[PDB]
Amino acid sequence: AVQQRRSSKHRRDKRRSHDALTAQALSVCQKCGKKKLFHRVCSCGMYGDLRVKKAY
Amino acid sequence: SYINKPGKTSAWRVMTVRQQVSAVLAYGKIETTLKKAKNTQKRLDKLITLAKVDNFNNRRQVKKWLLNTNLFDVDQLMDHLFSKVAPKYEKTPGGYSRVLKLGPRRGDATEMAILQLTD
Amino acid sequence: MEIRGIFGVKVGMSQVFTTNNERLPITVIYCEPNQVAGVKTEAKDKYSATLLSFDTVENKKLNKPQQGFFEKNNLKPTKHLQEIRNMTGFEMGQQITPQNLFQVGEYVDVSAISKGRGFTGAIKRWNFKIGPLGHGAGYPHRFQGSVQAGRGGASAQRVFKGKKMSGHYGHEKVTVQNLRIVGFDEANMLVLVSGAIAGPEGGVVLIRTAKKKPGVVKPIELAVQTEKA
Amino acid sequence: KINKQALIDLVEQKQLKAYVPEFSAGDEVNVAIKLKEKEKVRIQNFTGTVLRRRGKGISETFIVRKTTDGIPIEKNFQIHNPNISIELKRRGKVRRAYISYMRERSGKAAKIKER
Amino acid sequence: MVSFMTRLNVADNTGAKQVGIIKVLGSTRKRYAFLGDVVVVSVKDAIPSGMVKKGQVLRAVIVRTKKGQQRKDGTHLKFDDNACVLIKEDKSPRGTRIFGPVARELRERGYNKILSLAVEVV
RNA sequence: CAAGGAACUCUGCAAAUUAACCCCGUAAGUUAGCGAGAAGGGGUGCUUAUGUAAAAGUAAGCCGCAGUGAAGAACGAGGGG
RNA sequence: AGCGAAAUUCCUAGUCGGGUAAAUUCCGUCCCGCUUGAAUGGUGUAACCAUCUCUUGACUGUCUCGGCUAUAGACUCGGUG
RNA sequence: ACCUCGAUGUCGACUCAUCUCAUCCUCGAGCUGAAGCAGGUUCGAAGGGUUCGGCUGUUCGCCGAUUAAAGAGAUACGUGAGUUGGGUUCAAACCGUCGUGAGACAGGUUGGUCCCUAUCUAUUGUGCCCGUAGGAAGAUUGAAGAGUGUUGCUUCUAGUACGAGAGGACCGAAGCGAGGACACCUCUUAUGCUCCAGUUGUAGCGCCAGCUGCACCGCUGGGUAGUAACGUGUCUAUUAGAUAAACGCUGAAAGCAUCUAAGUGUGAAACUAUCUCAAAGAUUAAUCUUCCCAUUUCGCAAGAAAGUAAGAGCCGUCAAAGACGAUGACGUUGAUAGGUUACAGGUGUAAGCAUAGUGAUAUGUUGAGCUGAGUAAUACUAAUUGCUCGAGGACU
């Protein structure tokens, strides 16, 4: 359960080729700016049509 | 292994649910983790339906799912619920509340969501 | 040989008595009259088979290629299209009934999907044996045991292909043969089978003619209760 | 597409019987059983009190215990098996349905029965 | 299941009181000892006042099983004890009288001589 | 965790029946102290009254599937060195 | 002297008697006891041993025969690393 | 005395077992000092299998019982980046001896560790980028594979052929079996830790009732869904061909004779397929069907701005799926999950009241009360007034 050698740079880069972040959805914010993310509160301290949030 | 923290247990989760439903009954809005909110929503709907019957035995039943608060004691909060919360939801079958996703938690990126009232 | 089959879903399992006072376990499968998408002749598609379209849905719940080839053959909007080899008895767009496919007491086989266990150890996967926990065993109690292939400078020093290991289990289709057909219900599109049928709720079940028992039919007995008061 | 899973009882309708008296356990009943020795149908009476009534619909099973020659005989029976005759001799008061503290008791103790 | 050298009792006046299954008759690895099985046994205890003694090896037919078994009728005949009856190298018994209930499903397997001597047959 | 009940294993490693209170009882040998808590067993709740200082205790009734009802509980016998 | 295949004995898988359907384990028996054996003490010795050991009861997931649930880890994710 | 002692984990037990036949059984067959039964010898033959206990550390070995039979040789007499440390090679102490003694005994006893986060090849399932010949959806055939390809007992023909008598068959069929694999959740068990309970004490709910916290999930009695099996169901093929050993026919060698030289066959569980399952990265990137596009005009129109209209990805409801990925259904005209309601299910007549009671208590109100998950209708809440990729045929 031990390594006999080290890991090369380029094989490590090929290993890290899979490193990628998921794509976050894009949704239009009508009443305010900064178009939001789908199934999230809108930008403007509000879900989208209903305001009940603050950025404190 | 050796000694450690027990993390979360079913009794611990149900006690947390009791505390959170007590808080939401005191206020009407709770911001928590998505999983906790969606888990507590079903029990909240059950409690609302049981309270809309307006029976003292139902008060005894709901006693075992509430945690006391200085602002709203058990009797005070129960009376408030039976007075102005219960009658509003007789016409609607279920679905007395809505959960809306907030932003993620700073510490652990937990999906925060706010559960609040609707008709 | 010529293959007679039908599609259905296991909606439960129960037991039904028979004559001479013995019971028969019963798997109940909902069936449906399939609408034949096409029959592929050896002079038409180089080998005889039948592609059946079933699990009807709405046209707005249907893909454009699907509706295009359904209207090409003047079919109904359905969900699944599956091919059964060696099928010549019927033609395109024909509703099917179980009585014309199978008899009341013959033997047929059923292909059904297994219960998906996800990641499963090789212990349950091949019914292996687990070590003890007495007289001193340490951490390994449910362990691989011996896995050495070759020692020394070069004897095997490798794990060969396809060793019986852990991995995907269930969620795949197997076939069980020599199961006695019990009865049909055309009014409600239902069928009863004996033995043990794989498949969870909403699973896939395909009844075909038994290879070992092509046309042998046995006199299955029945029990009816007329004792009410 | 439209399913109910009530077909389980729909096919079961042809086997259900309604004569069955109210009994789950704690009731002393005798069961007459018809046995064909290829002829000359004999009647075997297997008396006793029911211990368990588990199952659903046609799957309901009830266990009857007798005590003959000192040996206790426990046999599970189905509702809708043919060649069986059921009845109710006497019943008592039921505080709990499932019982297993009776599969070991001795005699000289008349079980509690109501009028 | 059933252990090796599982102890069990007698059900008739054969001069014995305690016996132990030393081998299940037939092809080994069957590791199944249910009702109606005729198995090789060794007499753990036999009263000297009786006709048999301890230690001897013979073959006995089990009559009751504390686990019981499920039947193809759908009925589940279960007993609360494990015991057997002893045969004298034949289908005839040794005890003048046979005590305890017996099953009727061994009719095709002979032993009809003992069935009438038993107190009752299921 | 059923059924066995040491059949796995050199090997009851480990788990595991028992204990707490009361009523009993207890073999052989003994260097008279033991052995021995031998072994082996049985009983333990509530209510009513009687109990004395409370009770230990007694009787009557009431329930349970259970009454050291939940926390802590003695493993045993024989032999040789 | 006493004692003895004895932790001491190669012959041995000693002999025999018992256990054991089944015992290179065990208890006593005979004494050529290769080197038992008398303050290196010989012989037994009552009770006891976190002493070695055998047979054995109750009891059991050590075995048939593993599986189930709970958490913790793992797995996934943000941070540290 | 050969690479290797700046280490080549070695005894035994369990587990993986695998391979091979110089085959033990099952099988085909030849011959016999082979009446039958029961045999013996021999060739082919690895498809499959070849028992459990007591003893010694023990594979060795002994014994007992049992099966169609209870094979043998190999892998560091395989298997400690699997377990045990059991005797054997720990210190400790001792027995007998040896040696005047440091200690030793290829004699013995008492006991006495078993460290390790997987870098690479490889392997199991598993997704990701590309591409399969304009772009997708599927339907696939199957080049090439995997699994299985065990076997006994009772009865009938049969006390029959055989044999003489006595004794006792050959085939097939029926039933009974053992074994293991796969699948299953209705019968049966086990779990069933947000199900139903009786439930003691303590501390609280200002007290009673009735509850909560903790005492293992307090204890104990059960148990829905679910999970498993100790529960249930299938399996032990058949067929065609090539055939081994072997048995042949015709037929020459060598006019006879002759299974062989040509030819013509039968024939083994071994082999090919017939059986079960997957499968085109199967670069030979295979085949088919449908769908969508060809929207002025500018380099091969080569994106020129519209870059699919087919559909898919991001996001969510989700669980049948689910390590995570992936599979699948649904996304407001939405029946996807949750909620509500109705039903079931079991737990087991709920509290309160009334009656009776001096009191533990008993009955009626009531098979009532309840229920994580079983069955289904209602949009009641969330699945958004959302985004992206996704075609102008590369060449004939």
task: Jot down the per residue volume, in cubic angstrom and as a whole number, of the convex hull over the alpha-carbon atoms of the protein assembly as shown.
output: 361
Dipole of chain A, positive direction: furthest Cα of A:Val28, A:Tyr47, A:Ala1, with charges on the beta-carbon: A:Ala1
statement: Mean projected area (nm²) from the convex hull of Cα positions in chain A is 7.9
- line: Taking placed amide H atoms and a strict 5 Å upper bound, the residues 5 or more places from C:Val11 or on another chain that come that close are C:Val28, C:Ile29, C:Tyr30
query: Between segment C:120-169 and segment C:1-20, what is the C-alpha centre distance in whole Å?
result: 39
message: Over 28 Å between Cα atoms: which of B:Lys29/B:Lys88; A:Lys14/B:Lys5; D:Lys34/E:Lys23; C:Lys164/E:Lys78; C:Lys79/D:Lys56; B:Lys42/C:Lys10 fall into that group?
response: A:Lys14/B:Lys5; D:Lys34/E:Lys23; C:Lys164/E:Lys78; C:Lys79/D:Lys56; B:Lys42/C:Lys10
- prompt: Taking K and R as +1 and D and E as -1, what net charge do the other residues with C-beta under 12 Å from the C-beta of A:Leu50 add up to?
  reply: +3
- request: Would you mind classifying chain D by shape? Square roots of the alpha carbon gyration tensor eigenvalues, ordered a ≥ b ≥ c; an a/c under 1.5 is rounded, otherwise it is prolate if a/b is larger than b/c and oblate if not.
  value: oblate
message: Run lengths n ≥ 4 of DSSP H only: what is the helix-derived mean residue ellipticity at 222 nm for the protein assembly as shown, with -39500 (n - 2.57) per run over all residues, to the nearest 500?
response: -4000 deg cm²/dmol
statement: If amide H atoms are modeled at 1.01 Å from N in the peptide plane, then the residues at a separation of 5 or more from E:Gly100, or on another chain, having amide H under 5 Å from its own are E:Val119
task: Just tell me which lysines come within less than 24 Å, Cα to Cα, of C:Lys161; anything on the same chain fewer than 8 places away is out.
output: C:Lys124, C:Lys129, C:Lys173
task: Just report the Cα centroid separation between segment B:66-119 and segment D:1-46, whole Å.
output: 51
task: Find the relative contact order for chain B and round it to a whole percent, using C-alpha pairs within less than 8 Å whose residues are 6+ positions apart.
output: 32
message: Taking the number of other C-beta atoms within 10 Å as the exposure measure, put C:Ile113, C:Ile181 in order starting with the fewest.
response: C:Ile113, C:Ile181
query: For chain E, what is the convex hull (Cα atoms) projected area averaged across all directions, in square nanometres?
result: 7.4
Cα gyration tensor category, rounded, prolate or oblate, for segment C:1-78 with a/c compared to 1.5: oblate
Built amide H within the under 5 Å cut-off of A:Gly48, gap 5+: A:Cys42
- line: By the C-alpha gyration tensor axes a ≥ b ≥ c (rounded if a/c is under 1.5, else prolate when a/b exceeds b/c, else oblate), the shape of chain C is oblate
query: Can you give me the Cα centroid spacing of segment E:15-51 and segment C:33-76 in angstrom?
result: 66
field: Only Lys, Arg (+1) and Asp, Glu (-1) charged, at Cβ; the protein assembly as shown dipole about Cα centre in debye
entry: 3020
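Methodologically, a virtual Cβ is constructed for each residue, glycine included, from the backbone with ideal geometry; neighbour enumeration extends over all protein chains shown. Readers should treat all values here as calculations from the given coordinates under stated rules, not as data from a laboratory.
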